[PDB]
Amino acid sequence: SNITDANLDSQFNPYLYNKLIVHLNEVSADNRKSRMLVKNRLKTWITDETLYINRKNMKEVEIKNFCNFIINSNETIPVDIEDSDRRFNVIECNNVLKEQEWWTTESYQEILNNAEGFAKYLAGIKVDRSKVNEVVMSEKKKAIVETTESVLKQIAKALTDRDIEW
Amino acid sequence: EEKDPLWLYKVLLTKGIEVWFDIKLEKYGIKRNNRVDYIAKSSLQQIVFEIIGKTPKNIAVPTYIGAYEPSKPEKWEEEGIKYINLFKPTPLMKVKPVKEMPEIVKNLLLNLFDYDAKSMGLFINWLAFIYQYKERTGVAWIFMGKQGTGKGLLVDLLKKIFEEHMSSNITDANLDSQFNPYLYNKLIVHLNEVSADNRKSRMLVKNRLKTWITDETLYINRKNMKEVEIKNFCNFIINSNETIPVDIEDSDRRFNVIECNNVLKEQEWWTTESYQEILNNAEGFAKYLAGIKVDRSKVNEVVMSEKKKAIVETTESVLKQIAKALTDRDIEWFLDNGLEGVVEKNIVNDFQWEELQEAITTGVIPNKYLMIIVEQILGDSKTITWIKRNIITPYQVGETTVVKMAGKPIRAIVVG
Amino acid sequence: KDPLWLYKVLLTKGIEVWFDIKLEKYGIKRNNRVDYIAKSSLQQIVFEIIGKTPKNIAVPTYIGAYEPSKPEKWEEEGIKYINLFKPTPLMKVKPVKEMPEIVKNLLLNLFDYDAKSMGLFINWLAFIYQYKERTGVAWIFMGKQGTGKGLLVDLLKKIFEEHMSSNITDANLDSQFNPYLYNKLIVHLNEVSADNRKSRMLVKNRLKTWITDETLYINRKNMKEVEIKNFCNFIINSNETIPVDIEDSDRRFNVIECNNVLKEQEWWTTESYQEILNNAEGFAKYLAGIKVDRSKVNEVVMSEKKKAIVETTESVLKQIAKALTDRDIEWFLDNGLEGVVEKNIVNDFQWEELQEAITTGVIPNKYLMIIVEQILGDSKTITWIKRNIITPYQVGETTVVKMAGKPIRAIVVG
Ligand SMILES: [Hg+2]
Ligand SMILES: [Hg+2]
Ligand SMILES: [Hg+2]
């Protein structure tokens, strides 16, 4: 829980050792150079079959990677995303919980007291293994792609596609 | 005192465990099922106690030097120095050849190579040489283009064949370490990007990557172990999604560059199970590689593909391109790069325009036209000093001197 | 009774073991490999050979020193030394008067059939082969790829073996460790740094001292940092336009540029490469028979490519400062100063007085500013010119001079 750029800049890798879910609270700062310095390392954490784990006063070890990543962010562009990207689904909500019909003072704790109920629900899902690795080009992901990619690539592809409308 | 200094070695061999002391690492080697670990004396005493029930104060095992040599026996002697081999074939390298590839694996390589049979075959030949001869080739293959073309799948599938002899998914992070375990006793090294997507990062790594591909030996430094020199058996496969993954010189001998934009999901033959079918045909692909008739002349062959040409011309200096255009009196290169704009801006009249072109073609360029030419190509005015220091002198285009044209003495650069 | 009983017994089996007080490790030498190991590691070797682990190690105490001129062991002040230099086979070889024909074709191609510079390199190599000392002069082979630079490296590598470091690059240099310099007669660099202004300058001073320093500080992993005498000689291969920065007065570098591709030659065949490497002993015999001219070992030549590197590398401000100092009007005209006339910054009379200021070494401030602006391409103030050209290079003094009637401010060169 709540791994951030600070943990990433450490020389150690505990938060990845023997994990099924890793949650990042921001991957880096919201500037062009921070997103690009971390872009390739996050790319491989999601898909590499193994990871090199290095912990304090322990031998550096290679292990199979079981990690799955959930990234929370309050920034406008949390990560760099390529057009052909296969790894990221992007969900943007602007529905503040406090501002909802059903939200109460006890609501937060009721949500956490229904972990077992939610766990029972997931245990009964008929998992479609075809859709597990499906990613969607949402309108916010499309916005991140066109913000992130090089303008020179956008010009080059407009010429290539003879895209006068572009 | 002891009658047989090899008694413990012998007893462990009966039970399928080979133990020695490696003078070069000052650690104890232990081999079981062709996996070898190097452990301290205290850890070896613990292993021994579990097996024979006694902890011997003295370790009755031979002293060998560990050497990774695929061509040599399990143990051998050179001069008076006894060696033990650290290379052990994996299951899928000891496999009966077949003449044809699994159909789905061939659809993947055909997708990667965009149905170009020539370059696919050259890569198969390169792979087949590594599988059968187990030597360093001095040639690396770069697979680039958009995501989802199957680059990682091919890596995963070779990784099931080679196993421990291959390093998977090495990144800039591993390279920025002071350690290089990913190079120790490896036949294939796979890199996911070599550096950041900018000019200076590519250049800082250019010579490091160049020597990893061709050095006969490497200095290996691993955590908590002596720094050791070893023979280099690495061959490099580089995956990248960037436009220019590495710097490449024109005369390059090391890089083959393959670009696919065929996304697997967008293909007629792709199914949901296809991904898992590809990985379950590792043995099928290995049997295919085992039967390839390797053409050893072509193993170190590199081709100048069009994407390779694009990287080279993006990589080299604009100043060197101008210098070679002067040297070759290549008026066509200058007009290809827009030198005719000089007339459209009336910097030069049509008579002067004739002398400017002819100055280039004859290799005798008056200073006034030199500056005009350079300003038009580079977009800002350069002094003669700047043109001499950055184009004429470093590339030895010619000499700056006084020449006589009709009567007048004129300052010019004479190409030669 | 005999504190050397184990030493003697290990010699029987072809193993020489000593304790190195300077490294506080145990040396063990077999067949020109020397390893330095811990006491527990030597006890393990000893147990396998003699069947007992002795609590006390009956070995001599020596200091390990790499000295090619000295015997296997020697004494100085009663301090016993052991030699870490041990000749390779191809250094123990019978001289001959001529080199193998195909090896001479390789060197002829590298040196573009220039017998003068080729011979100076052979003499340089022969001195290293025969005397095994540091020369203080490095050789840079540059030009197109495929001229045979690596082939010459590979062939000396067979000759020198362990006393040579092959294919050291900027990556090794940025390491905190220094193995490639420990106990070496030849070190070969494949590029010293990237081909940019800042990379060449950051490494310029470290390469300067490696060639000429009498000692080096060697630091290896899990070993004490040690000072040793430096026997290194450097061969630098490069495909870059400017491989290193070179000063005008430089004394260390010879620069050889060949553009003769081996594949494109009359005599090159498919077997040629391996024939070249199979004539190591022939080339070694040739060097063994050279009458080395010790006067020329440290001679460097100002080749046209080295001259090109010098003028590319050095500061333009130094070039201007020395042109003023030498009143070198021709230098200024070669660098386009007459553009001042064609742009009407100066009329025909002033143009004469400006040139006259340069040859006379008395330059009015007004003409100083014009000259500097035309050469550098941007307008400079008098203060900037004094702080960045006149003062740091001691071109001259700013003073009032009388020119025609008027008292005028000028820089007097001297
Ligand atoms: Hg993980
Ligand atoms: Hg390697
Ligand atoms: Hg040295």
Side-chain angles (χ1 to χ4, degrees), chain B residues 2 4-6 21 23-24 26 28 41 57-63 79-81 178 200 203-208 210-212 214-217 219 221 226-227 229 250-253 317 320 367-368 371 381-390 393-396 400-402 411, chain C residues 13-14 28 30-31 35 37-38 40-41 44-45 47-53 144-146 150 154 157 166-172 175-177 179-180 190-191 193-196 199 220-222 241-242 304-305 308-309 311-312 316 319 333-336 338-339 374-377:
Chain B
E2 172 68 53
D4 184 13
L6 300 173
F21 180 71
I23 185 45
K24 158 164 189 227
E26 298 180 67
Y28 292 86
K41 171 175 178 191
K57 173 68 210 109
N58 300 317
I59 314 297
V61 303
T63 303
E79 278 139 34
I81 311 175
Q178 69 172 122
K200 299 182 260 309
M203 177 210 66
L204 269 47
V205 81
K206 182 192 149 312
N207 296 315
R208 173 150 62 264
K210 202 90 75 163
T211 62
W212 287 354
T214 49
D215 284 358
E216 288 316 291
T217 55
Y219 288 107
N221 183 23
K226 304 201 340 164
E227 161 153 287
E229 200 170 332
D250 202 54
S251 52
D252 163 82
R253 323 186 274 94
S317 179
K320 182 210 219 164
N367 277 6
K368 74 169 172 286
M371 292 195 280
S381 77
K382 301 292 153 155
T383 74
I384 287 291
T385 312
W386 189 99
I387 292 162
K388 286 163 61 52
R389 286 181 94 267
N390 298 271
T393 295
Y395 297 108
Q396 323 194 80
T400 50
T401 173
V402 175
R411 303 254 161 188
Chain C
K13 281 87 184 77
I28 175 162
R30 296 185 288 176
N31 302 327
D35 307 283
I37 65 177
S40 68
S41 315
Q44 175 74 222
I45 292 163
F47 176 80
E48 186 221 357
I49 295 176
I50 73 177
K52 38 185 284 198
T53 300
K144 301 203 71 185
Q145 209 160 355
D154 296 338
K157 183 50 208 250
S166 277
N167 311 291
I168 316 294
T169 195
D170 51 45
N172 305 95
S175 181
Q176 68 172 122
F177 301 123
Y180 50 88
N190 209 286
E191 289 311 342
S193 60
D195 200 5
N196 61 288
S199 301
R220 301 120 83 198
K221 189 155 177 256
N222 303 323
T241 303
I242 316 288
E304 287 177 284
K305 173 98 223 166
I309 298 178
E311 303 171 338
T312 314
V316 66
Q319 292 167 333
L333 311 163
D334 202 40
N335 294 74
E338 200 266 337
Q374 168 75 18
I375 275 70
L376 302 173

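Chain naming here is simple, since letters A, B, ... match the order of the sequence lines and numbering starts at 1 in each. Only this structure's heavy atoms are used, side chains among them; waters, hydrogens and symmetry mates stay out.
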Answer whether the closest heavy-atom distance between the side chains of [X] and [Y] falls below 4.5 Å.
X	Y	value
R389(B)	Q319(C)	yes
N221(B)	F177(C)	yes
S41(C)	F21(B)	yes
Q145(C)	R253(B)	yes

#### Entry: Residue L333(C) versus chain B: region with a heavy atom under 4.5 Å
both
### Query
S40(C) versus chain B, heavy atoms under 4.5 Å apart: side chain, backbone, both or neither?
neither
### Message
I'd like to check the salt bridge (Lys or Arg N to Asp or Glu O under 4.0 Å) partners of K388(B); sequence neighbours left out, ordered by chain and number.
### Response
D334(C)
### Message
If the condition is salt bridge (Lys or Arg N to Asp or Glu O under 4.0 Å), which residues does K382(B) pass it with, not counting sequence neighbours?
### Response
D380(B)
Value rounded to 0.5 Å, distance of [atom1] in [X] from [atom2] in [Y]:
X	Y	atom1	atom2	answer
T53(C)	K57(B)	OG1	NZ	7.0 Å
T312(C)	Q396(B)	OG1	CD	9.0 Å
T211(B)	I168(C)	OG1	CD1	9.0 Å
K206(B)	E191(C)	NZ	CD	6.0 Å

### Task
Tell me, out of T385(B), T383(B), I384(B), who's got the most heavy-atom pairs with chain C below 4.5 Å.
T385(B)
### Message
Please evaluate residues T241(C) and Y395(B) with respect to the criterion side-chain contact (heavy atoms from CB on, under 4.5 Å), reporting the C-alpha separation (whole Å), side-chain torsions for both, the decisive distance (0.1 Å), and the verdict.
### Response
CA-CA 7 Å; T241(C) 303; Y395(B) 297 108; 3.2 Å; yes
### Message
Can you tell me which residue among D195(C), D170(C), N172(C), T169(C) is in a side chain to side chain donor-acceptor pair (under 3.5 Å) with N207(B)?
### Response
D170(C)
### Summary
Counting heavy-atom pairs under 4.5 angstrom with chain B, the leader among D154(C), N222(C), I37(C) is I37(C)
#### Entry: Between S175(C), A308(C), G377(C), the one whose heavy-atom pairs under 4.5 Å with chain B are most numerous
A308(C)
Shortest non-hydrogen contact between [X] and [Y], atoms and distance:
X	Y	answer
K221(C)	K226(B)	NZ-N, 4.4 Å
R30(C)	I81(B)	NH2-CG2, 3.8 Å
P394(B)	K305(C)	O-NZ, 3.2 Å
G51(C)	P5(B)	CA-CG, 4.0 Å

### Query
Does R208(B) use its side chain to pair, donor to acceptor, with the backbone of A171(C) at less than 3.5 Å?
no
### Query
So, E48(C) side chain and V61(B) main chain: donor-acceptor pair closer than 3.5 Å or not?
no
### Stepwise side-chain contact (heavy atoms from CB on, under 4.5 Å) test for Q44(C) and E26(B)
CA-CA 10 Å; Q44(C) 175 74 222; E26(B) 298 180 67; over 6 Å; no
#### Entry: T401(B), part contacting chain C, at a heavy-atom distance under 4.5 Å
backbone
### Query
Of the backbone (N, CA, C, O) and the side chain (C-beta and beyond), which part of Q178(B) lies under 4.5 Å from a heavy atom of chain C, both, or neither?
side chain
